[PDB]
Structures are given as C-alpha cells and as structure tokens.
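Peer 1: Below you'll find the structure I mean.
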Amino acid sequence: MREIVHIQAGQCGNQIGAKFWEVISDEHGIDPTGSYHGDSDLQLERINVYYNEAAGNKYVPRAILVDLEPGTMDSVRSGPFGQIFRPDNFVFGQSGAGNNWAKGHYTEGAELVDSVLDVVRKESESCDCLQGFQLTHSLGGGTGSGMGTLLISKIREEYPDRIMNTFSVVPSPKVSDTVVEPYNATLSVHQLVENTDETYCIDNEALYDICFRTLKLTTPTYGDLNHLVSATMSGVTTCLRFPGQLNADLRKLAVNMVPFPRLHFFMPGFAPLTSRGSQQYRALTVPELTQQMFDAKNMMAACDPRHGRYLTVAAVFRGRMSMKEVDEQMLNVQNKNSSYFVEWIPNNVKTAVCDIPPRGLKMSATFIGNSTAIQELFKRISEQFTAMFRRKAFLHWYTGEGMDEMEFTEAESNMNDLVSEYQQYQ
Amino acid sequence: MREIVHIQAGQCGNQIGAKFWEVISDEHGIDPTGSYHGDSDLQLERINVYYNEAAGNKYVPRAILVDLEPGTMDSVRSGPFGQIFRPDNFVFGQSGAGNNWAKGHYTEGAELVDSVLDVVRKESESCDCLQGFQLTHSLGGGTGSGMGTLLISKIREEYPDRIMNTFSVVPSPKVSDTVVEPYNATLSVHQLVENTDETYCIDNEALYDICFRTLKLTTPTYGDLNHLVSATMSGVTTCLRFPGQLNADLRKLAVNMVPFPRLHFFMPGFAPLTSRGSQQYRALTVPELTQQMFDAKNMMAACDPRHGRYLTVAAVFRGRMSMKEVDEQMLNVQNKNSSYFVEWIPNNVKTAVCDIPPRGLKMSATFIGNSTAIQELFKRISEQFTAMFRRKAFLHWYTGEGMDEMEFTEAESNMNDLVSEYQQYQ
Amino acid sequence: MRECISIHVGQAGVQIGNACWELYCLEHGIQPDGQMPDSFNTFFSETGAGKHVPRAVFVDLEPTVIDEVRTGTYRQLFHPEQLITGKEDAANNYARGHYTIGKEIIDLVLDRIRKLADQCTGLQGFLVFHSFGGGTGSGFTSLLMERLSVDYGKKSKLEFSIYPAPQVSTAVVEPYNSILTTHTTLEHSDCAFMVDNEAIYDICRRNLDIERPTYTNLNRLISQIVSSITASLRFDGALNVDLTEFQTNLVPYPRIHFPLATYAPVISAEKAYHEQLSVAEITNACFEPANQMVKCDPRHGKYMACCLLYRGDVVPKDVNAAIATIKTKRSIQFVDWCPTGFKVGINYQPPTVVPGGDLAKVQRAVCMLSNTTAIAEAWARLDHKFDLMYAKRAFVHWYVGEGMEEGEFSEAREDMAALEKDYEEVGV
Amino acid sequence: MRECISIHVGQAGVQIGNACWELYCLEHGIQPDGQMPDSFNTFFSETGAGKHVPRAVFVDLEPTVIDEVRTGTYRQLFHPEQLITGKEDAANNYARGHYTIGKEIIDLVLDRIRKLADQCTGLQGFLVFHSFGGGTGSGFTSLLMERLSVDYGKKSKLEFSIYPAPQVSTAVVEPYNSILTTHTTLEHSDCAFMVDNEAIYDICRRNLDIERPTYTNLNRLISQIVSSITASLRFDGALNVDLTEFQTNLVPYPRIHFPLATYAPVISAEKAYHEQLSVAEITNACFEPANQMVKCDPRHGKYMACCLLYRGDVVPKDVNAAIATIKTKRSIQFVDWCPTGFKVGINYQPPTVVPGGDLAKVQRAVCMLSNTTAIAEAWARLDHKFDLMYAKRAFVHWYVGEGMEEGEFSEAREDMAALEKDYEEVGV
Ligand SMILES: Nc1nc2c(ncn2[C@@H]2O[C@H](COP(=O)(O)OP(=O)(O)OP(=O)(O)O)[C@@H](O)[C@H]2O)c(=O)[nH]1
Ligand SMILES: Nc1nc2c(ncn2[C@@H]2O[C@H](COP(=O)(O)OP(=O)(O)OP(=O)(O)O)[C@@H](O)[C@H]2O)c(=O)[nH]1
Ligand SMILES: Nc1nc2c(ncn2[C@@H]2O[C@H](COP(=O)(O)OP(=O)(O)O)[C@@H](O)[C@H]2O)c(=O)[nH]1
Ligand SMILES: Nc1nc2c(ncn2[C@@H]2O[C@H](COP(=O)(O)OP(=O)(O)O)[C@@H](O)[C@H]2O)c(=O)[nH]1
Ligand SMILES: [Mg+2]
Ligand SMILES: [Mg+2]
C-alpha cells in the first residue's frame, strides 16, 4: 500500500546503501538473484514497500544509485547482492567531484542530475502511493554532499507533500578525513535545514567507539560500521513492513519527534550490542535494552546527551514483548533522569512495537533522540569554518566553480541561527 | 528479595574473594560455567542474594573485581571459577600502587574509581533491594587499602542507608609483610571508623596458628588460609540464603553487636576445626562447638580475648540443633567466665540458627566477638606509626603524591581516640 | 573508465618512467612484451589481442637515454611513436629547452598527447616527470605545461620534480634554471610534488643499510611513491582518493602548490624481521624529519595540509588513532587557520616489490603528501644562490645567446621574492 | 600488559646483559634466534610470527664488546638498531663519557628508548646496568639518567652497579669517577643496587669450590639475582612484588637509596646433595656477612629496610617463622625508627640453571635486598682515596682537558661529605 524510494549518493552513500539493501533482503527472505526463498508469509505481505515485482517471482529494490565516478558503481555491481539492482538505476558520471561541494552541486552534479531526477520520477510513477524518500550520503565529500543536496531540493519541488529522510554521515570531532570537510558539511547543512523533514546524524567516530568498547571488536571494518547504520535504518521502517501491537511509520515518528521545523537532527542508537564472550553473561529482557538505549556509549553521534536535554525520544521495539513493561520502563527512566528531559513537553517518550524481531535475535530496539546537545557538533564545525574563512583558505577551489562568497556567509548565518535556536530551547 | 553486592580490591582482596565465591557456588550447587546442578530446592530459593540470573539457566556473581594491576585479574580469570564472573565487572588499571596508600586513594585509584563506581551503581540499579555491600581487602597494601577505602566513602555517599561490611586482613604483631604497613593500616583505619558499619578483623598470623595447632597442617597454603575466611563469610550471611528457626541477617547482627557507632571491629571465629586423625576422637555436639568458639587459639585476630572483655558476642549456628541446648550453653559459658564479659550489658550473647549445614558437615558455628582486647592491635600499630613519624621516615613517598602531614596527624589522633574509647568501656 | 597519462621529460624523467612502468607491469602481471596470460586499463590501452600499451609519452631532446629504452628489455612495451627524441640536447640551458631546441619538437609531442587523449573516455589528467635543473626538464617542461593549459585547461596537471639539494648539486647553472622554470610554470601547474636526491641517498644509507646507493635505487624508491599515489586509481580500496582530489585538499592558495612526499617503511630484510610494523608505528615514522624525501627542517615550519595514503593490511580505526596521536604531539605543529589538516586514503593492495630490489616485502605502507611553510627555507637558499651569480652576470651571456633577455631574469627574481613573501605571510 | 626496559651501558653492563638475556631465554624457552616452538611478554616484544625480541638497549662508546654480541650466538636475538656503538671509548674518563664523547650518541640512544616505550602499554620502568668506574659506565650513564628524568620523570628507574672494592681495583682514577657519578646521578636515581667483584670472587671460591672464578662466572651469578628481582613480573606467585614497590619499601630518605643484594643458596652439586636446603636455613644464610655480595661489615651497621624475594617450593608460614627468628637474633640489629623492617615476596618458579653453569639445581632460593648504615664505611674509604689523590691534583688535568672544571670536583666532594653525614645521622 505504501512505498519508499531509496537514493544513494557518492562513495559513502553507495557503500552504506548496499549493506542496507543486503540487510533488507535477508529480512524479507530474498536472495542475491531477486527470488524469494523465505518461509513466513509476513516477510512477503508488505514486500512492495522496498521492492518492485519484476515478474518470474523476482523482486528488485526501488533503489537509485548515483555517483560522479563509476568505480564505486563497479564495486557495487560486482559485490554480493550487486545483481539484484536494476541496471538502469545506476546513474554515474565520468569526472568525479574531488571532495568539492561546488562540483557536486553546481558543475558535474548539475550535468548529471536531470537523468537521476527522471529515474526518480519514473520510480515514483510506477509506485501506487509513495510515503517518501530516503537518501544515504556523507556531508564531508563532494558527490554525496553537493549532488545529494541538489537532488533533495529537486525532489522536494516535485513532491512537496512527501517525507524526506536522510542518513547523513557527518564530520567527526577528533579526526578529519578531508581538509575542506567543514565547508562541505556546512553547505550541506544549509540546504538540509530547509529541505529535509528529518536527518539522522551518523558519526564514524561513535561507530568506532561502539565497535571497540561494546562489540569488543579488535579490528572493526568499514563494513561493520555500515552494518550498524543499516540495522538502525531497518529498525526505523519496521512498522511499515510488518505487523505490530502499536505501529508508528515515518510520518508518525516525525510528528512525534519534531516540535519545530528546523530541529530535525537526530542522534540514533541501536540496542542490544554484545560481544561473543559477553553473550552468555546477560539476560535478554527489556530493562537491559532500555539501559543500553539511554547511554552515551551507545549513541551513534559524537555528542554527550548529558551535555544537553532531550526534546523528544522515539523508541522502536521489535519482538514479542509485554507493552506494560515497556511503558513502565520508559516512565521510570524519565523519572530517574528528569534533568535530561525538557520540562515543557510532558511525556517526552514515544513508543512503538513490531511483533517481528530481526533474524538471529529474540528482541531488539532502535532509539531516536532529538537532543539539544547536537548543537555542540554544529558549533565545532561552525568555528572551524569561520577560522578557515578568516584566511579565505581553499576558497578559489569553490569560487573557480562559479560559487560566490555571499553563499558561504549565508550558510554560516544559517548555522549560527540553528545553534542559537537550540540554545534557546535548552 | 534482599541482595548483597560484593567488592574485591587489590591482590589480597581478589584472592580471598575468589575463594569465597567458589565456596558460595558449591553451597548453592552452581558449577564453574554458571549452571545450577544442585538437588535441594533450598539451594536455589534465595540464590538472588548473591547471583544475577543471566538467562539460559545460568547465574553470575554480583561481584566487582578491582585492582591497579591486571596480573591479579588475569590469575583470577584463569583460575577455577574464573569463567563464572561477568567480564565487564573486572575493572583494572595499568600502573599499580607500589604498596602506597596515597597512590591507591589519591592518584592511580582516583583515575580508576569512577568506572568502578559506575559499575557498582549499575549493579545496584538492577537489584530490587540491596541490603548492602561487602568489601574484601587488606589494610597493609596500596590498592585494597587506599583505593578500597576511597570506594567505601563514595559508596556511602550514594547509599547512606545501606549496610557497609568489610573483611579486612590487618597487619600481624610478629612479622610485617611491608615496611610502610603501619602507615597504610592507619590511614585505612581512619576512613573505616567513619565510613563502615562493621569490620571483620582478619589476621594472617592467627590463621597460620590455627592451621598449625588446630588443623595439624604441616604446610599451610595462602589458599587454605583464605578458605577459613571464606567459611566465616558464608556463616555470616547464612540467614539471608537459607531458612531457620531463629534468623539473623546483617542488620540484626550489627544492631545486636555494636553499642556505640565507632566500636565495630570484630574478632571472627569458626568452629569446628579438626585434623584428619583427630576427626574420630571427638563427638559432634554443641558443647564441643561452644568450647571451640570460646578459646583464644580459635580466634582469627592476633589478640587474646582474656586480655579484655567481650562487649557483645554473636553466635551463628548451622545444622539441625536443639535450641534449648544452645541457650543453656551460651548461658553457662557466660556464668563461668563472668569476668570476661562487660557487666552493664546483661545477656552479652546473641544467637541465630540456620537449618542448612555447610557441605560435608552435620553441624557448624560462626562466632563474632566485639572484645575490648582489639585495642591492643590498634595500640601496637599506633606506637609504630608514631615512631616512624618521629623520624619522618618514608614520608616523601606519600607527600610526593600530594598528601599533607596534617592528614597523618589527624589519622593518629583518630587512632588514639579509638583506643581511649575502648579503654573507657573496659 | 577513468585514465591517466604519464609524460617523462629529459634524462631524469625518462629514467624514473622506466622504473615506474616496470613496477606497474610487475603489479598488473604485464610482461615486457605487453602480453599478460581490469583496473590496469587506467594506465594501459589494449590493442588487437593480448597486448597492452602504457598511456605514456617519453621526450628528450637528445637520443641517447631513450635509445636505451628502444634497445632494452621493455622495447616491445612502448609504441615507437610515443618515444620522441630530437638530435641536440638543451645543454643545461633553460632557453634551449624553452625556445631554440624545444620549439622544434613541441608540436609533435602535443599531437601525440592529443592522440592519446582521443583514446580516453574519462581523462583524469597528466603526471609529468622532470628535473628542475636540466635544460629540457626545465625549459621544455615549462613550454609543454603552458601549451597543455591552453589545449585542455580544466583537467588536472601534476608534477614530480627532482628538487636540487642544498649542498650536493651537479650543474653550475642549476639555480638559474630552477628559478626560471618556477617562474614560467607557476600559473600553469596545479600541484607539484618535490623530492630531493640527497634525502633519498641518506635514507638508503641509514634505513636500508646500503653503502653506495645508485641512481637506479633512487628511481626504484620514487616508483614506490608513484604507485602509492596512483593505487587508488589502479585498484579498489576501502576509502580511496583520485587525482582530482589532491589539488583541492593540498593547495590552500594557488601559488602555494608545493607539497612534499614521504614514504614509510623503507627497510631491508634484516630489520624487517625484527619489527612489528604496525599502522601507528609507520605513521609516526613519516612525521620525523630523517625519513622525509626532501632535505629541509619541518620542525622549523608548520604543516598546512597533510594527505596520508595507506596501502595493504590496514583498518580505518587504527589509522584514526594514529592521526589523533600525531595531532596530540606538540612537536608536530599545524597552522591555526587549518583545524582539519588530514586527508586519508586506504587501499587494500600491499606494495609489490621488484625482484632484486633493495626493499623487503611488507604487509603495510604509507605515502604522505605534506605541505609545509618549511619549503620557504629551501626557496630562500636557492634565491641566495641565484643572487650571488647574477650579481656578477655569471653565465648570463649563454642564456642571451639562445634568445633570452636579461629582464626575464629580473622578472623571475621578483616572482620568487613574491612567492617567499607569500609563504612567510601564510605562516603568521 | 606491564613491561620492563633493560639498558646495558659500557663493557660491564653489556657483558652482564648478555648473561641476563641468555638466562631469560632459557627460562622462557626462547631460542638464540628469537623463536620458541605468556608473561615473558613483559621482557620480549613479538614481531610478525615466531620471533621474540628483548626490550633492551645496549650502548658502548667503542665497538669491540658489542661487536662480539653482533657476531656471537645471540646475533639474531637482538634487533640491530638496539645495539648502539660509537667509535672512540671514554678511556676511564667521566668527562669523555658525560660530555666530549657521550654527547655525540646520547640523542640516538634516547630516540631508541622512546621507540621502545612506544610499544609499551604499561611501562613499569627501566633497569640500567653499568659500572661506577668506567668512563662510559659513569659519565655516559649520568648523562642518560638525567635525560631520562626529563623525558619521563614519574616512572621508576633502577640501577645495578659494580661498586669498586676496598683492596682489589683495576683503574687508577676509579675513585674520582665513582664520586663524580654519584654526585651527578644522586637526584636522578630512585634506587641503586650495589654489588662488589671481590665479594662474588670470595663466595665463588669458598661456597662453590671454584679455584679460579672468571668474569663470566660473576656475570652468571649476577644474572640469577636479576632473575629473582624480576620473577615477580615474569611469573605468577603466591605473594608478589613489582618494580614500583621497591623504591617505596627500601628508601626511607631520598638520598639514602643504596640497598645491597645477597643471594642464597649458592652451592655446587657436591655440597647440594649433603644438605636439606630448608627455608629457615637459606634465610639465615643471607644475614651472615660471608655470603653477601658487597665487601663491608653489617655487624658494625644497622638494617633499615630488608626485602626478601623467595622463589620455588616455598610456603608463607615457614618464611614468617624464619623472619621471626631473625628478628629475635640480637646480632642482627635494625634501627629503632623502623619496627617493621621486612618486605617479602614469594614466587612459585624455582631458579632455572644455565647448562654448564657453576650452580646446582635447587628447590628454593632467596634474594635479599638490604639497606644498611654499613654502606657509610664503604663510602668513607672511597672518600679518603679521593682526598689523597686530589691533594696532589693527580690526573686532574685530564678531566680538565675534556671540559670539566676543578670546582666540579670540589662540589662532588662536598656532596659526598653531606651524604656520609646523612648516613651517620640516620644511625643515631
Ligand atoms: N632521481 C634522479 N635524478 C636524476 C637522474 N638523472 C639525473 N638526475 C638529476 O637531474 C638533474 C640533471 O638533469 P638531467 O635530467 O640529467 O638533464 P636533462 O633534463 O637531460 O637536461 P639537458 O641534458 O640539459 O637537456 C640533476 O639534479 C640530477 O641529479 C636519475 O636517474 N634519478
Ligand atoms: N662484574 C663484572 N664487572 C666488570 C666486568 N667487566 C668490567 N668490570 C668492572 O667494570 C669496571 C671497569 O669498567 P668497564 O665497564 O670495563 O669500563 P667502560 O664502562 O667500558 O668504560 P670505558 O672503557 O672507560 O669507556 C671495573 O670495576 C671492572 O672490574 C664484567 O664482565 N663483570
Ligand atoms: N560510515 C562510512 N563512512 C564513510 C565510508 N567511506 C567514506 N566515508 C566517509 O565519507 C567522507 C568522505 O566522502 P566520500 O563519500 O568518500 O566522498 P564522495 O564519494 O565524493 O561523496 C569521510 O567523512 C569518510 O569518513 C564508509 O564506507 N562508511
Ligand atoms: N589472607 C591473605 N593475605 C594476603 C594474601 N596476599 C597478600 N596478603 C596480605 O596482604 C598484604 C599485602 O597487600 P597486597 O594485597 O599484596 O597489596 P595490594 O595488591 O596493593 O592490595 C600483606 O599483609 C599480606 O600478608 C592472601 O592471599 N591471603
Ligand atoms: Mg639530458
Ligand atoms: Mg669500555
């Protein structure tokens, strides 16, 4: 009945995206050829939310893959599950963006964007009732950031009444993977505040921490990091794909969690997460899950939620569970940690429960926090950007692509405004 | 219904602690994997007092293991029963304290203490109704003494209404195992008088004597010594874990035995103790047990109870016994040895009986004496400390870690005060 | 899909190219005849059946050095028309290279380049290998650079340059040439990667235990760096960086386009066995001045941008940790206008090693491209050298003979003074 | 988990290190090639696969002694970069060691130490082996000590020192060197364990029935003591004592940091069979002056702190009993300000014995570290010796030649006078 259209932009976007797709396939019992080999009828009932049926009992992701370089695409196509994707849904350029937002948004991306838009339009027009769009990408690169952002805006123009979701991997506090990261991030944020309905702030640093401290992983891989993100994504759409006792889809969650339009930057979290050794030495009950959820060590954003206050929290539970227990525990946590919840929104917690747990587990949870602590992240980027601009450093790389200084200033202004707004509510 | 949280600090603390845990496991029919293989339903009814149920019919000690060195931890984990412990409950530093109280309390210990506190908090919050805490450690080292003491204080701040119990191995009269022992002991005592509810004074010298003279053990091991301590501990909590005719738990015992807040340093004792040869040549009756209990050779503190007076005695009996006999015998002993009991507390003896005897035996007893003779121990330490301070010997090792002379003086003052108080009552 | 054209200019360039191409062949399993019994396509075109040809042009104004290529082991590897030779050399004279001799062969070389480009579907750009000191490496290269910009423009151009040493130097006129080529190439080059022969010698002696390093050894060492730089294009990695990237991440102002290369670990089979070559350890090695490939004092300068290209058995987290540690270290200082100073590439393929080479086989390597105000010092000495000689007009007549004017020298001087000023000012 | 770095300075240091490392290898089953077919990790790093490398640095200002290491049986055991040699020795001259010759190599050795430390997760500290009398053992060691304190500071530093004998001595300037190194190292060392070659000779002759003990034998004997000291770190025991412990338990005032070593039982296979080597008997042996490793009169001094490290088949109770007995004995006197004078370690592993060694295999051993006012006597004789020679300014010119000033000698004298005064005053 309801449909979700998936977009992947740039290297990061593609790589997370592939993992996500794999996860989804596993969940719905679909193999790398597109054929359903599942058992439970529940797995197929709402398969149309993510998959088009392409005849011969074969299913294909409603997924669009975009990059200014073909290498990523090649890597994807050759990977496990590369064959399930529709060949015509890979839309690639030849040049690349060289970690330049300007190229992604105004130059190379501009040339290619039309084709992708057309593909998206086609996808929408086949599907009976699109709920909306989910875009996976980084804010630190050129493609995912500049071209992805462009795509968002164009999508919104066509479909202003549909929900626009992003899973954005943002620049970490400790270590930077690009020199121009603050610029790319900032510009992306500028467009995101105005054109998305919600943005899930994923931080690689946080993921690494989780892998090391919670998962006890000596040598985490980028794949492993991506897996967590994928899991979170899966958790977020579970009520669209399976039955439940209390169901909340993308719109319900959004309305519960966004009290003012601009404040839609979430810190996602996933629970439970245990080692191979520490699997034995804890019981699988709701309390444990709750504990895991409400903990700085389990947040996928590099921000301490105890340095701000939660405006809203959405908790999405999967498995056969006592609702009473959930209700009690959510209450109890709030009572305990009253100081970390804004006082003028009574009952800060929204709860949803889906009967189908993920594979291999008896019970799972996904957490979405809208915390005023996110401001810290914004502040750090903002300061950096200001510093860089003070010396006009690297600016000719962007102005050379047709961009004007004024745009930068505007972006800065928006960034500062957002943080001010966050502070006000805090 | 009621819960006990166990803490082990430093080498001594860990080593006694492990033994204790083993003993408890044996008693409750739990094997080194955490699974219950017992027979009697009584063994499992109150298993929650010491063990959390971690699903898959597996049980895990509510035990926190702390040390500034990892070697001890490694030794424990590799030992028999090392696998039953929750891996996340081992909290270890990298540096060590080098038998320096200052390091344990203010420097290295300070760095690590937060983590341990957090773990303890977590443990408490899972358990429905904590009775309180039992800490095993020495007063002569740096970790168990300095860090252990620190832990106590922090615990008390959080949980001021819960019972704080210590099993402290104290410096012997004959031979010293460290040069700075008097300092470490003294400082520990200073904190202990103000922050614990009761302290069981264990002396290695006394244990050795017991092993040689009573147990007829040619070559006692530290393990063997620890065993006795473990047994005593087990005896002390028996009424929480099993049924009985007359039951006394930690609070009941404390109120019976501590007439003034500062006078909470007990001389523990355990009966019966026989050789392999002398097992045949005595009958297992209450009188024998009583005799064993009221005897200087059977006390685990290096102090002659006949050099002071008993303020209070708590006797805890295990096995199927005639209460009348017990009552008579306790009366009779008091009548006989009137001069060793304070005259202004009529009926100096408190009695408790638990129906479940320890394994391999028909009948057992645990003795807790609050004797004014303990003052002797304090005096000996005090004199030594004063002598050392007269020459400012080793002081730079402590002052170098940020400690001030004033603290030492304060500690001395408290020590002297305690002994004066003891003398007054005598 | 996306392709890279290599240009080898003069003796030094040609010899470096020989090494590099050999290494490439070894890495992709291409025999010296062009046969192999598909990412290598970025560097090699395919002809007919079972033959692969480098996307390369070799140019020298004299025949001798290239004649060795055309008679040597890899004679069948290169197509004859892409090995271009004149008759008379530039005789360590920029003017002969740029004007008198160079203007006779430049058109031909441009045509070949154009033809190469015709076979490209996604041209990434050009890598030019040349010395600063030789008449062809300087004069011809500047001519070629300018021409490239007109024909192409927007495509990225990268230079690998044998920068002259402070003490050790072969030519007498080398300073003149270096200044002049710098002046003329400045506005035409996007990024130039300097290295120094002295530094490579020292590293060979100290780290590889080689008593007497030969030019071949140096060339081989250079080849490794080149491989590291281009591995992101020639293989698929975890997190990877193309040729278009560098210029944006390493050049904060257009004229300050001289980042420097450092490779780690460079160690023999003796010292390789007795070491755990971890990611942290290799990374740390790169920020200590004795291992770096240009003789210069980074301790006396500040870092502006740093790019780390890891290869082999490497995982992101440990790299991140290493970077954090480096940041923490007070003796490694970054300019205050650059809070994010690291660009990081990670590729799965370990460095492949040439049979009979000086280097041991390692699980991991790193190539750092670092941009530092310490280059100012290097520039200064060169300037000083120029100044002395020009004060007496020593050798000036030769240049004039070949059509150069004295005013050009003045202009060059002025431009270098400007450059040094710029370098100073960025620092503060 | 917790690791220990060994530094071997000069001939004596190097030779001792050779013994010690051999012993370690024997104990952990490490072959001379670094292979073994996990507590040993505190002393050995692990590289790649099936190779283990000592956490050690060997330093000498001349090549000859270390050249034997690099050509000998254990050439593959050590990594080449951790065996550091200059060209010219310190020629029994503190000044050459500390200034003229030492300042050329110190930076290099510091760098290596830093690199070693980089591979440590829980660095316990450093063990430095050196003579007081040699130019490198003195001058270089003092330089190195000072440097260590600046770089590290809070980490513990321990010295093993061949203290010069009263009658037997090799060098002529030995007193000068001993005083000067004492002066300069005093504020930088936490604890220094002296031993004496005369004493070891006598013990070898008397207790082991060896007519003609060689330096090798002495070294071997030393190695055992070292093993005893570090067994608490290299194995797991009943009741055990780390390197951080000693400094707190043996040093009552900062300058009085010279405890002395005694080992028991040291006996051949002849006299081992015809004896029940019980715990009491071995312990008692250690408090009789003929078995002690420094020539000196404890009967004429008082004990201030005593640390007993037992190894092998030993049970606490008997040790305790032995200690009690010792306390009871009127001829073994402890200062009145120290009622608790014993620190006790007990480790499960019996002493391992080198094939072809002088010592028989025993069930139990003990290493006592004792701090005694009797060291004052030793200091006094040395002082007297210094005084005589300086009265005539004998050899003083040599020191001056290498940059030392006469005033330094005076300062050194003054400091030693202070030290002896302090020693006296503690006694009363
Ligand atoms: N690294 C390296 N440097 C070289 C090599 N051959 C020459 N050089 C350096 O190149 C510079 C000399 O320039 P060449 O390339 O020989 O001269 P050319 O480019 O042929 O110019 P002309 O002969 O004057 O036309 C000096 O700095 C040499 O040290 C080589 O094989 N490897
Ligand atoms: N125990 C022991 N002592 C040694 C050994 N070799 C030398 N000594 C002692 O060390 C002192 C002489 O110092 P060396 O170590 O030979 O001199 P060095 O440190 O090399 O100093 P220079 O040669 O002067 O630079 C004398 O007291 C010797 O008795 C040895 O193998 N074992
Ligand atoms: N979580 C995650 N982040 C990635 C991955 N690959 C790259 N990144 C991040 O993406 C940023 C670089 O952008 P990238 O997507 O490679 O550039 P683009 O291809 O031009 O969009 C850096 O912040 C990297 O940390 C990945 O596989 N997973
Ligand atoms: N009863 C008992 N006492 C011990 C044991 N190990 C050490 N001790 C005592 O503890 C003191 C030394 O403290 P230790 O625990 O080693 O120092 P820490 O590791 O810093 O706490 C001495 O008085 C020893 O006699 C043991 O296993 N059992
Ligand atoms: Mg030439
Ligand atoms: Mg020597």
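Swiss-Prot numbering applies to chain D: residues 1-37, 47-437, in that order.
Per the header: electron microscopy, 3.5 Å.
Here the Cβ of each residue, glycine as well, is placed from N, Cα and C on the backbone.
OK, Swiss-Prot features for this one:
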{"type": "ACT_SITE", "residues": "D:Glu254", "note": "active site"}
{"type": "BINDING", "residues": "D:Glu71", "note": "Mg(2+) binding site"}
{"type": "CROSSLNK", "residues": "D:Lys326", "note": "ubiquitin cross-link"}
{"type": "CROSSLNK", "residues": "D:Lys370", "note": "ubiquitin cross-link"}
{"type": "MOD_RES", "residues": "D:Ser48", "note": "phosphoserine"}
{"type": "MOD_RES", "residues": "D:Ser232", "note": "phosphoserine"}
{"type": "MOD_RES", "residues": "D:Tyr282", "note": "3'-nitrotyrosine"}
{"type": "MOD_RES", "residues": "D:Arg339", "note": "omega-N-methylarginine"}
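Looking at the shown structure, what environment does each listed feature sit in?
Peer 2: For D:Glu254 (active site), the same-chain residues lying six or more positions away in sequence with a CB closer than 8 A to its CB are D:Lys352.
When secondary structure is read from DSSP and collapsed to three states, D:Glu71 (Mg(2+) binding site) falls in the coil class. Listed in sequence order, D:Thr94, D:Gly95, D:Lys96, D:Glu97, D:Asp98 are the same-chain residues six or more apart from D:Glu71 (Mg(2+) binding site) with CB atoms under 8 A from its CB.
Secondary structure at D:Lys326 (ubiquitin cross-link), as computed by DSSP, is helix. The Cβ of D:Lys326 (ubiquitin cross-link) lies under 8 Å from the Cβ of no residue that sits 6+ residues away along the same chain.
Residues within less than 8 Å, Cβ to Cβ, of D:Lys370 (ubiquitin cross-link) and separated from it by at least 6 positions along the same chain comprise D:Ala281, D:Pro359, D:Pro360, D:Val362.
A sphere of 10 angstroms centred on the C-beta of D:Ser48 (phosphoserine) encloses 15 other C-beta atoms.
D:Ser232 (phosphoserine) falls within a helical segment according to DSSP. Spatially close to D:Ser232 (phosphoserine) yet at least six residues away along the chain are D:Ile16, D:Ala19, D:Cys20, D:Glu22, D:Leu23, D:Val363, judged by Cβ distances under 8 angstroms.
For D:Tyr282 (3'-nitrotyrosine), applying a Cβ distance below 8 Å and a minimum sequence separation of six or more within one chain yields no residues.
Sequence-distant neighbours of D:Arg339 (omega-N-methylarginine) (same chain, six or more apart, CB under 8 Å from its CB) are absent.
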Peer 1: From the recorded positions D:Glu71, D:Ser232, D:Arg339, D:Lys370, keep only those with a C-beta under 8 angstroms from any C-beta in chain B, and list them in sequence order.
Peer 2: none
